[PDB]
Amino acid sequence: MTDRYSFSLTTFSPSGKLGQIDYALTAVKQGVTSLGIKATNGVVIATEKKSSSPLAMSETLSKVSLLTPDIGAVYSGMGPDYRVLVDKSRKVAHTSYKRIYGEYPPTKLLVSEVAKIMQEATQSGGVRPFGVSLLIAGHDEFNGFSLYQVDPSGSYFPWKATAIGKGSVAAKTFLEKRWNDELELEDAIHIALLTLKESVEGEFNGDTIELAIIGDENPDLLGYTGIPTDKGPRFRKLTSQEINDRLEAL
Amino acid sequence: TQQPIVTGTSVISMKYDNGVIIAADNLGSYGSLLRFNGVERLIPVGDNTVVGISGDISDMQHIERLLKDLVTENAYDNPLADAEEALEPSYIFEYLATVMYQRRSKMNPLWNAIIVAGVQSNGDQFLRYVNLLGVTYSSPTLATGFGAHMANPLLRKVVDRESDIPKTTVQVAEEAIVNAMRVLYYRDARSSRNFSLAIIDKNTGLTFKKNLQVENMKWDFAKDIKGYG
Amino acid sequence: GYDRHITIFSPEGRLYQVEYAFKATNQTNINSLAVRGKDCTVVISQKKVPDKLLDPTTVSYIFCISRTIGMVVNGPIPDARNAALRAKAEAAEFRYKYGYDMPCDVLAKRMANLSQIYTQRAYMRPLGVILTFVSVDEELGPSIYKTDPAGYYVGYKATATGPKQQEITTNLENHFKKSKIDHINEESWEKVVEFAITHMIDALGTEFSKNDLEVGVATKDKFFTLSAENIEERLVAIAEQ
Amino acid sequence: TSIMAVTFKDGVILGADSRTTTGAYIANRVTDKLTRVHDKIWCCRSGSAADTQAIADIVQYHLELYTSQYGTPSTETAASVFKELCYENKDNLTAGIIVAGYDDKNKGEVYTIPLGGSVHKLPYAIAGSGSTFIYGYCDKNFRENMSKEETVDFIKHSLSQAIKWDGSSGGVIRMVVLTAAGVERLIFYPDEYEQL
Amino acid sequence: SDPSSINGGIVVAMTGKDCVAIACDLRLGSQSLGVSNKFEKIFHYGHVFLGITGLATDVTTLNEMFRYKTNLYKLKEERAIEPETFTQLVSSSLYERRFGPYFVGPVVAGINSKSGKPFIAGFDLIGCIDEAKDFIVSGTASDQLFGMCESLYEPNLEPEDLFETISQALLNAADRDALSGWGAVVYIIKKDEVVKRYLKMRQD
Amino acid sequence: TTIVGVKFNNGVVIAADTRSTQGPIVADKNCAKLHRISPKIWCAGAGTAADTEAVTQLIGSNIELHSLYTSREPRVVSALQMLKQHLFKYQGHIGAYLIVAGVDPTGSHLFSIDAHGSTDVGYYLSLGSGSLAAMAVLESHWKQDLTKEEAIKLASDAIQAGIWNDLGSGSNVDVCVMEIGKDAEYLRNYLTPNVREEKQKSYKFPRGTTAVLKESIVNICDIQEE
Amino acid sequence: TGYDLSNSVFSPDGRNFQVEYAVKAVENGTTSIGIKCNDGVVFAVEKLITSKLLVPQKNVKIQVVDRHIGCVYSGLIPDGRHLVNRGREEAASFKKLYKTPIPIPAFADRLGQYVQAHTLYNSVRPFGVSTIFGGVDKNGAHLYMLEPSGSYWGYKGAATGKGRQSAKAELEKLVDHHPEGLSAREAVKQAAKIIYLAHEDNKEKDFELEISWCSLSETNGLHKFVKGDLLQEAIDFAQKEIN
Amino acid sequence: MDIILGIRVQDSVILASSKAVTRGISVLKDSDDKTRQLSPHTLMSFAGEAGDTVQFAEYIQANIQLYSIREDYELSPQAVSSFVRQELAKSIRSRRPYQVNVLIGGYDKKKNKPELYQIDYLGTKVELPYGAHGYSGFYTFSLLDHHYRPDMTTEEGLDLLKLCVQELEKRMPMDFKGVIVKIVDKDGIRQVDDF
Amino acid sequence: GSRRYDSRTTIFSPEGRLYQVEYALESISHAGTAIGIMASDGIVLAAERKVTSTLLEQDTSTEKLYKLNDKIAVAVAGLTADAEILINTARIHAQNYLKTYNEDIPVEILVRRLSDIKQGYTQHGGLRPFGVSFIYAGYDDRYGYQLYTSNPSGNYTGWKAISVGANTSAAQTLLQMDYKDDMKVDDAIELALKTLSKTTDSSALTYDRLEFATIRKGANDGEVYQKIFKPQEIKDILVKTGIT
Ligand SMILES: [Cl-]
Ligand SMILES: [Mg+2]
Ligand SMILES: [Mg+2]
Ligand SMILES: [Mg+2]
């Protein structure tokens, strides 16, 4: 046995292309649309819960994941690759930051750590790149609210708003017309729901849409009282009911 | 480095004209506490060898398992496992002696004194000693612990040198062994009345005697002894 | 065309070795079905003993992973047992480290993560199996979680796997469309097994004897498999109404 | 600590006091020293509490994994796993463990594993600091194939005396009964056993 | 032999109204022998100040280590580290040497640049944080400092009053310790100005 | 240090004093000894203070990751198993003696764990140099089916026994109450029976009392533009 | 194509061609069988006498594992020996930890997992043997057969090698004509016959019969080779049936 | 080894180091040079455990010479002293620490300043106008504290050094067989052959 | 076995070229142009972001210009993710040096270290090289202001003015035409922006498509200041130099 693939599986072609990264991006293109919009007092990330079967309980499949109390993530592309990246992202937030500084990492640095992991799968021996693009929304004290995209290459870019996957080209054009620097969180959620409806074929409701926000601190979700400085997580996943309420005002 | 915990006392043995005899009591001491009263310290290997073990009992049980594994291993891909390529006493001893010396050389000894008694393929008597240090020696009579100090003198009165061996019958040898066990019972505070005795003879093979007792004891003279002066 | 031999991306962004591992899944030509009751989770699987020289008691694709978790496998038996042994080891280690029994969904996720690794690391091939884990979880209740060679997993109200999964799936879909509940509203596991067998008969259009089926039942604090005579009693009850 | 296990007609019963001391201070007066490593394989622990707990947890893990693969383990198998840990790690352990279990084929069995990591199969076994005071009593009063009630009395009376003389032993007398009928826990309080 | 008292020296830190003060003696010695009267024990990384008493080689090593780490912190975070964060970094760094520790008694002092809140903290040689509101002491005359601080200290002292209080706490504590003295420095720290004062004291 | 844990009707309460010492010297007069492993699993530590803090945070960190991985709220038995196996591995060299208490989907729990890795179950426990003083109170007043209010009272009384009678313990009483189906309520400085009396004299100096050799501005700002 | 050039590669069918090619090596080997009797198992194998220079009864093929398990295989003999060596390590470690000798189903999986491991990587070649093995444990007699893929099942009778079809047909008759069961001594006789009958596929060269057995009554649950008079009696019985 | 002294004057650093090598009962040598040139304008004297002193000194010398060749540049005395300190600070927590105390006398050609660094085997570094290791400071520092001036000439430094050595020869029990004196300035390193 | 799938990233062609290095250089030729110009009183770094969007958050974005320490910065051309791996290593090297010698790392020593790391990937390990070219802008008290470049081969050279990425041939000719030795930073700023404006593949050069930095002794007295230009500051300098 032993892993005898100690050589790169991603290499430069004569034209300068890194084929495997391009092909990973193609897999992301086939993936279900997900988007992110940044407001003045929050960030919203959203995607469609494309249920593989009606017998499947799609609530048990979380496309939108909490990374830290103030950072959340959504993806387009290969689900299983995303799931393991979430596990690694959650851990690295502790091992390379919280266990050192006694606090959770700022969005940009956690993104940087996730980006590094994805870069290494692009150069390390005997592995393929991750077939996902991530959208990571978060808040921290000194940088405020932010939204980042991370690609299979490990490249990451900050966005005011963006979309990835299936109908990203049309969705991004839709977002360009609607986005301004004076949006409140509820306005961003409204735009998110509007944008997401265009790429969704079938049912469009709280059970088929997954949506989360990075907004105000939620002391009700902290689980304990007594420490004034601890005010609760800014990440909050919207319920099926909360989504449907906003679909009537749509 | 360790210390023995549960321990077995003397193993005694001698050669006679047609084979060897070996004996050891059935006690497992826990310091001065006579804790376990049914411990078999003579372990036969095949029908030609008996390994007698004193000292640490946990290590004895480990050695017992090594010997059991040695028999299994010898039988592998061996059509003559019950004939020409059966385990000899000399093979069993040399293996143990290797292990004992290796273990002491790693400063982690098997805390035992061992006597391998048996009869070789050609009928020759085999009797050799090995202990926790890897020290080995052979003699017409061999004994461990207290037996070395009390049994050997008595057994050497029967077989004092090599030329006494052919003159010594199995009856005389067994009688001498049994008497020595009685003497040890009188004088060793970590001995028991119950013991096992094994005879390996080139003609009659391996005779294993269990549940033997020290008998014909002299105690009557104690009644006359009064005070300390 | 070495992109078809190892788990790297094809120009279409596909992993062919993963796709071919899905095809190996149906090599046994066996169909399995899992459903949830009120207090139990039942899994049934076709049993085919094509050779008379076989000992039929050793022919099985249902595994007792832990006391609480059962697993049925769709795929070749070597890969099935590979996954079974690992799942057992993972479930035991979990209990030792964290002081409580490994939940069915957590085991499914763990085995799915392992599978995902085989789709990303070139030296390891995917296992050509689909793993359906069942239990009555102490927090979530009756549970069905299924894993595949892609490293995908999800919970199910009910599920079916095999060559004729679609027929069974649609049959189950239609029943739950009527009842409008996520489970079989039945008290005893015996009747939930009868439901499972009845609907497999309807979907496949075949009758079963006691030796044609294999049944696993999960209740609170234990998973167990039924004997041929237990299944016979089940088949008699089905025929008598 | 005073611990014992006794085989009888219908199976085996484990017994223990409940006192855990740090020097002369009783750190826990209601300790449970009867530990479950499998459904009908339990053990009595003496020596280092950290060591015996660590060992027992590892054994429980091993027997759980054994069961998943090979079905219910024998009491002998459980004793062997205990022994392997105790013997191989003798330099770093202070553990005296009695293993008791019920098979249907073998019925009640008792194995004692003292400090060195040796194994001894016995009709009954006593261990812990308090056992020293009841070697005489237990040897005189033990009979094979006792009834459940007789064995409960034998253990109750024995541990009563061990508790009476040993300062390291005390509290309640806990007992676990292992038979074909199942697993029964018993407890006996000072006001009961002190007047015996 | 005792590593924490070979070289000698002391650090003290105090909070005041919208300000913090940190002070140290200047002595480095080899037991009885005075070796240097210019061995400063207070360092700073941006606006966060760190005093370190104990074994002098470790004092130097830790200063270099925390300069190292706070420089990388700044490059990645794009901002200067804060006293609360740095305190956790010191604690983490010390505890990672749990079974081969730096023989030091570090003291953090500074003002949070965003909240404006004065902050001080102390540590034992393996990282246990003492986050006192009033004062932190460290070194071979820590007993003497505790005695001085406990009686001399009152809350909400103005910067120039706090200077006198901390100075007198250090000086008189140092004069009752053989291994402390030979000069002293006092930092008065406000949100965007820091003043450093060398004190005149007896040189025995 | 005095630390106690007390089970009650619908949960568990943990309490501690607030004195941390260096030998006979009081390092901190208002130390926080009640640590959070997770939102509803808290523990109090005696022994080497940094070993108690470090082992809490490490297991607390891993408990959080475990909770995220399994999509389940952390259990006290998990924290316990992880703590004891970590401590046992280090053979008592990590001098952490903890009382671990909490609520989880399984119910309410109370455990003690000692540096070598042995754990114990109980309805009432005490730890630290004032444990004997505390346990005297617990053994005198504990009963089955205590209410929340009774348990808080008993816990704080046990800590007070340590405060007054143990020289290793002092200052204030911290309490944390973990009730089933509720947020854990951390009550920092629940009792404050040791406020220092006003001093006889103000020791504020006249300005210019201290002799100064040199003054200088310290550049804390970065390298400037232009 | 090219899917068959590397082990552990799934073809578009979902097949591992390298494992299927290993089966060809097995099919090329001599005939070996196993018969499960009332209280034990019997193993027999065809040994082709390539030349007169071969010393009779010396090149023993059947192998013992521990003291209660017998193993016989067809195909590449060295591969079979390698598997048995592993089996012996597995059995030793099991007994070391658990005291009791390894149960036959437990042992079967140990071999099965090891063989299956050699279908997971391209850095190893699959085993070129099918192994028939078994013995007596606490739950009675067990007979197994293990293929290059790692697949194994329990059997009433088993056969592999060049004359497997012939052997299987003979085994199937025994199963039908004896639902109550076969005695150990009967199984030895029948094993001799079946090897003799299966030798028609290898009729060019003459052969040597080798039989072993584990039986609760006949061998005390230990694996033993059938020797001397009992072997000759089985050879006579076999020779009588072919004529 | 025994006595090593250092004094930084106006325009140079002077290092004085004893000549005796004693192995227990006998004085094996009375002309030993306890110093190594690390670079043209940097000199290091040393004292401590036998063997380790020379091994460490030559190891440092090799490293500085390697740096000099790689970069075609002479490291400043400060940079060299920091490198040396780290090596000793690394060494003190090693399996077997270097038991070596050093004085580094260098002339910084960039700043046109002499510099004297004292480093002990723990990695305790201090920059001084004058320094010593062992018991040498106990006898000499009272004289240096009195007479030293920062504007002293090299000749005055040597005269103050003579007074220090005389006091050592009077009150020290051990015969250290005099000292070898070396001067480090802008022109490099030279040895005073009559002292 | 595994050999079948090995591309062999570290082999010579028959002409004595390193395939992967050459192909990595081809990749870099499609990256946004970066320019460095060294003047007597400072250094200029100017770089073009690749076809951006209006929704990209520019003020928090960094793809071209990175700080290695207070004295040294780099301009990147190629795979950004690859660059960040090397940048972090370089930052650590600079701090290691500072801890060891208590002096800031000389520019060339840092450049040589990174270049050696790149070289290693071309000679051993069987891994693909880093698809990155750097322009290093830095200052030390030995050589003063310095410009270097390194490419995937691990070869590095010093420059008065240099470009990397797209249209380097056109850019270098333009720089060679207008560069003079007595040039000042403000003149170099203009040259850099003019050169990008002519060589760009975009229709026009705007602030949102640029990253800009200067290393000046225009720091109050005997010290050096790094200035990573803000979006508004890039917009102002574009108006000042008369490009927009
Ligand atoms: Cl995982
Ligand atoms: Mg693969
Ligand atoms: Mg008592
Ligand atoms: Mg003083």
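Procedures and definitions
- Residues numbered from 1 in each chain as written, not as in the entry; some residues may be left out.
- Chains lettered and ligands numbered in written order.
- Part of a larger assembly, values for the part shown.
- Heavy atoms only, no water.
- UniProt positions renumbered as here; feature names shortened; annotations may be inferred.
- Salt bridge = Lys/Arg side-chain N within 4 Å of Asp/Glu carboxyl O.
- Helix = DSSP H or I, 4+ residues; strand = E, 2+ residues; numbered from the N terminus.
- Buried < 20%, exposed > 50% of the residue type's maximum accessible area, 1.4 Å probe, protein only.
- Donors = N, O, S within 2.8 Å, 3.2 Å for Na, K, Ca; no water.
- Patch = residues over 30% accessible without salt bridge, like charges linked within 9 Å, V, L, I, M, F, W, Y side chains within 5 Å.
- Areas by Shrake-Rupley, 256 points an atom, 1.4 Å probe, with all protein chains shown as cover.
- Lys, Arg positive; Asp, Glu negative; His and termini not counted.
- Charge placed at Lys NZ, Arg CZ, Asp CG, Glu CD.
- Expected span 1.5 Å × (residues − 1).
- Contact = heavy atoms within 4.5 Å.
- Buried area = accessible area lost by both parts, 1.4 Å probe.
- Polar contact = N/O pair within 3.5 Å; in protein donor to acceptor, adjacent residues only side chain to side chain.
- Nonpolar A, V, L, I, M, F, W, Y, C, P; charged D, E, K, R; others polar.
- Pairing = 2+ DSSP bridges.
- Axes fitted to C-alpha atoms, helices over the stretch in contact; angles between N-to-C directions.
- Parallel < 35°, antiparallel > 145°, perpendicular 65-115°, else oblique.

Per the PDB record, the structure was determined using X-ray crystallography to 2.90 Å resolution.

If you look chain D up in the PDB entry, it shows as Proteasome subunit beta type-1 from Saccharomyces cerevisiae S288c. UniProt, in its Catalytic activity section for chain D, records the words "Cleavage of peptide bonds with very broad specificity."

The name the PDB entry gives chain B is Proteasome subunit beta type-7, with Saccharomyces cerevisiae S288c as the organism.

*Asks:* Pulling in residues and values, what's your account of the pattern of salt bridges?
*Replies:* Under the counting rule described, the total for this entry stands at 105 salt bridges over all chains. Among the salt bridges present, the one from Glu84(D) reaches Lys96(G), with a minimum N-O distance of 2.8 Å. Residue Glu84(D) is found in helix 2 (residues 75–88), and its partner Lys96(G) is found in helix 2 (residues 77–98); the two belong to separate chains. In this structure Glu84(D) comes out as buried when scored by relative accessible area, which is 11%.

*Asks:* Before we move on, can you summarise the coordination of the magnesium ion (ligand 4) with the specific residues and values?
*Replies:* Tetrahedral coordination by four donors puts the ideal angle at the metal at 109.5 degrees, and octahedral coordination by six puts it at 90 or 180 degrees. Bound to the magnesium ion (ligand 4) are the protein donor atoms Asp177(E) (O) and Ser180(E) (O), situated 2.3 to 2.6 Å from the metal. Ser180(E) matches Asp177(E) in its accessibility class, with the two residues each being buried.

*Asks:* Please set out the coordination of the magnesium ion (ligand 3) residue by residue, giving values where relevant.
*Replies:* The coordination sphere of the magnesium ion (ligand 3) contains the protein donors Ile163(D) (O) and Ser169(D) (O), at a distance range of 2.5 to 2.8 Å. Take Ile163(D): its relative accessible area is 11%, and that puts it in the buried class.

*Asks:* Could you give an account of a negative patch on the surface, with specific residues and numbers?
*Replies:* Negative charge collects at one region of the surface, where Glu184(A), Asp187(A), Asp216(A) and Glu217(A) lie side by side. Structurally, the position occupied by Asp216(A) is in the loop between strand 9 (209–214) and strand 10 (224–225).

*Asks:* Let's hear about helix 1 (residues 17–28) of chain G: which residues, and what values?
*Replies:* Residues and elements named next belong to chain G. Along its 12 residues, helix 1 runs 17 Å from first to last C-alpha, staying within 8% of the 16 Å computed at 1.5 Å per residue. By the burial criterion, the buried members of helix 1 are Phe17, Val19, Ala22 and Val26. Elements in contact with the buried residues of helix 1: strand 4 (69–75), strand 5 (129–137) and strand 8 (157–160).

*Asks:* Just give me the short version of unusual backbone geometry, but keep the residues and values in it.
*Replies:* Trans peptide bonds make up most of the peptide bonds, and negative phi angles are found at most residues other than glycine. Residue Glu78(E) is not a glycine yet carries a positive backbone phi of 60 degrees. Among the structural elements, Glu78(E) can be located in the loop between helix 1 (56–77) and helix 2 (83–95). The backbone of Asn167(I) sits at a positive phi, close to 55 degrees, despite the residue not being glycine. Take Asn167(I): it is sitting in the loop between strand 8 (161–164) and helix 4 (168–178).

*Asks:* Could you give me a rundown of the interface of chain F and chain E, with the residues and numbers involved?
*Replies:* Chain F puts 36 residues into the contact, and the matching count from chain E is 37 residues. In total, chain F and chain E occlude about 3200 Å² of area from one another, counting both sides; carbon and sulfur atoms represent 56% of this. Connecting chain F to chain E are eight salt bridges. Among the ionic pairs, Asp161(E) bridges to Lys204(F), the shortest N-O distance being 3.6 Å. Here chain F is connected to chain E by 19 residue pairs in polar contact. Where the side of chain F that touches chain E is concerned, the elements lending two or more residues are strand 4 (25–28), helix 1 (49–70) and strand 13 (212–218) of chain F. With seven residues, the single largest contributor to the side of chain F that touches chain E is strand 13 of chain F. Looking at the side of chain F that touches chain E, its residues break down into 17 nonpolar, nine polar and 10 charged. One ladder, built from six bridges, connects strand 12 (residues 193–199) of chain E with strand 13 of chain F; its direction is antiparallel. Note that in strand 13 of chain F the partner of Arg197(E) across the bridge is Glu215(F).

*Asks:* Could you give an account of the UniProt feature "active site" in chain D, with specific residues and numbers?
*Replies:* All names here are of chain D. What UniProt calls "active site" maps, in this numbering, to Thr1. Judged by relative accessible area, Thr1 falls into the buried class, the value being 19%. Side chain to side chain, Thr1 and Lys33 meet in a polar contact 2.8 Å long.

*Asks:* How would you sum up the side chain of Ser93(E)? Please name residues and give values.
*Replies:* All names here are of chain E. In this structure, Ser93 sits in helix 2. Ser93 gets classed as buried once you look at its relative accessible area, which sits at 2%. Side chain to side chain, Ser93 and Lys69 meet in a polar contact 3.0 Å long. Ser93 has contacts with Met65, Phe66 and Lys69, leaving out every residue within four places of it along the chain.

*Asks:* Tell me about the packing of helix 5 (residues 185–199) of chain A against helix 6 (residues 240–248) of chain A, and name the residues and values.
*Replies:* Residue and element names in this part refer to chain A. Closest axis-to-axis distance for the helix 5/helix 6 pair is 10 Å, and the angle between their directions is 85 degrees. In this view, helix 5 runs roughly perpendicular relative to helix 6, as classed from their interaxial angle. Here helix 5 contributes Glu186, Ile189 and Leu193 to the contact with helix 6, which in turn contributes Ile243, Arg246 and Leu247. When the residues that make up the contact of helix 5 with helix 6 are grouped by side-chain class, the tally is four nonpolar, no polar and two charged.

*Asks:* Account for the arrangement of the chains, with residues named and values stated.
*Replies:* With respect to C-alpha atoms, chain A approaches chain H no nearer than 23 Å, and the pair has no contact. For the non-touching pair chain F and chain H, the nearest C-alpha separation works out to 20 Å.

*Asks:* Please provide a residue-by-residue account of a nonpolar patch on the surface, values included.
*Replies:* Where nonpolar side chains cluster on the molecular surface, the patch consists of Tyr30(B), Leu33(B) and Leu115(D) and spans about 220 Å² of accessible area. For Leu33(B), the location among the structural elements is in strand 5 (residues 33–36). On the basis of relative accessibility, which here comes to 31%, the residue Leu33(B) falls in the partly exposed class.

*Asks:* Outline the sheet that holds strand 11 (residues 173–179) of chain D, supporting the account with residue identities and numerical values.
*Replies:* Residue and element names in this part refer to chain D. Spatial strand order, 10-1-2-11-12: five strands in an open sheet with antiparallel pairing. Of all the strands in the sheet, just strand 10 (124–127) and strand 12 (182–188) have a single pairing partner and so form its edges. Sheet twist, expressed as the average angle between the axes of neighbouring strands with direction ignored, equals 15 degrees. In the sheet, strand 2 (residues 11–16) pairs with strand 11 via six bridges, with the strands oriented antiparallel. In the strand pairing of strand 11, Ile13 is matched with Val177. The sheet contacts of helix 4 (residues 148–165) involve strand 1 (3–8), strand 2, strand 11 and strand 12, and relative to strand 1 the element is tilted by about 160 degrees.

*Asks:* An account of a positive patch on the surface is needed here, citing residue identities and associated values.
*Replies:* There is a patch of like positive charges on the surface, built from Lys88(A), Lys91(A), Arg99(A) and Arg121(C). If you trace the backbone, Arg99(A) turns up in helix 2 (residues 79–101). Of the residues examined, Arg99(A) reaches a relative accessible area of 31% and is grouped as partly exposed.

*Asks:* How would you summarise the interface of chain F and chain A if you had to cite specific residues and measurements?
*Replies:* With 15 residues of chain F at the interface, the matching set in chain A holds 14 residues. Surface buried jointly by chain F and chain A totals about 1300 Å² across both partners, of which 54% is contributed by carbon and sulfur atoms. Inspection of the region where chain F meets chain A yields one salt bridge. With a shortest N-O distance of 3.8 Å, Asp230(A) and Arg36(F) are connected by a salt bridge. Linking chain F with chain A are nine residue pairs in polar contact. Split by residue class, the side of chain F that touches chain A holds eight nonpolar, two polar and five charged.

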